[PDB]
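Taken one at a time, structure 1 and structure 2 that follow are two forms of one protein chain, written as structure tokens.
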Structure 1
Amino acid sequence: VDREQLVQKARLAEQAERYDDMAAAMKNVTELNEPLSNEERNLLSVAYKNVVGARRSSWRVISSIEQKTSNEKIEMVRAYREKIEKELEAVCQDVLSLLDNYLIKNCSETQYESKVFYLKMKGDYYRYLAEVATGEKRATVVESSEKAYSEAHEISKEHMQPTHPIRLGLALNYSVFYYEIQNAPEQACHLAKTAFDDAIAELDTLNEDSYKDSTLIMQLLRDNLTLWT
């Protein structure tokens, strides 16, 4: 295949809700070992979010049956949870190695938006690993999630407008990280509130090509703040 054909396959796979196909095409595109265009970046993220998501869903269901069920069935439930878990971990590692070995690694200096987009993805996929991890393994992935979000945050503060959708979406997930993973509801509300306030303070920084995305995520920040407070 050529690159155009892989990307066309990803677009078709998306429409067909065949997300394993979509992710495999976008991984192949990444493995051509060149930067991704905005569209390629978005296709990659959409593909893997869908793959990790279903299971992020299946794991919650089987974990819940496990908690309600736990007679000894229990062996099965537990085995099946662990199978789903291992799939979910392998998906995350699949993305994290694309990020570490290609996308972050080779991102050019002036491509701040890409940098922040990939560091946020790195935070996200360590956070998905943290959702299922326990013990010392949890401590490690939690540290790695926060390190990735923190670096994304520093770059975005320096190089992007407070209204930029990628900066706003980062604040959204970083604050979810504080709320849900670290159970630090003050640190979560402060981050969300700050990101919202800073965007509001600068509506004049909305872009004619992205203002709908900016305002949508502003509302998402607000929705979380309201829930949490």
Structure 2
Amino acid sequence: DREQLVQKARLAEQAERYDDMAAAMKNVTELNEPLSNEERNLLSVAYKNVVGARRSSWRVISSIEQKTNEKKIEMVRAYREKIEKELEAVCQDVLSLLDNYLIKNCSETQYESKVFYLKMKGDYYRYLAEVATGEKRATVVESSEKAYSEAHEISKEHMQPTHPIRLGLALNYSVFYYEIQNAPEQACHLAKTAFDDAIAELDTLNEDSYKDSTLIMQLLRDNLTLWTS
């Protein structure tokens, strides 16, 4: 029963059991009924914690691997790979949900959901790109950019520049350029213009959107400061 699964997802969150949380929301999505804004948030929060823990772990191991006896380096590499394979499975799960249900069921004028989900698609291809090498890397980098690009065009044409979802897209897209494409001028240009287009009308946002957008703007600023130094 659908509501039990969502209830479970909420319980898992409170218990900070994010693997459970994501598995519940995965099952909910596969019912092919649309997610409400709260359900969409549960999905997004769950998988971000699941993949986020692995990204964090992967970076620790990767760094150790770099700063370090065949059998010692062999264990480090294998452990890194173990973490990589998990990260890849999680991303594949999310990307399959997005392609087969979430993006698919957005109607022509559900712009916010389209931008939300295409962004998400951009994000999890970006997480794959973080650990990928070679031709597999080219593919996930290309897929990431395409999802970001399509979400960007929708957001520019059909959403206010102050909208948290549009701002959050610009934030992550600019991060893609900086970290994945190593294109610091492109990254800064996207970040700055997004910031600039929103900052004048910030006060026109409602209470909850103003909170969300302010935070994202601060991160845009923080990234610009960091990147231009």
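Only residues modelled in both forms are compared. Just so we're on the same page, residue numbers count up from 1 along structure 1's sequence. Whichever C-alpha set is largest while still superposing within 1.5 Å between the two forms counts as the rigid core.
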Position that moves between the two structures after core superposition, taken from 176, 46, 54, 203, with Cα shift of 2 Å or more = 203
ask   = Superposing on the core, what C-alpha displacement does residue 15 show between the two structures, in angstrom?
value = 1.1
remark   = In sequence order, the rigid core aligned, runs of at least 3 residues with C-alpha shifts of 2 Å or more between the two structures are 201 to 205, 207 to 209
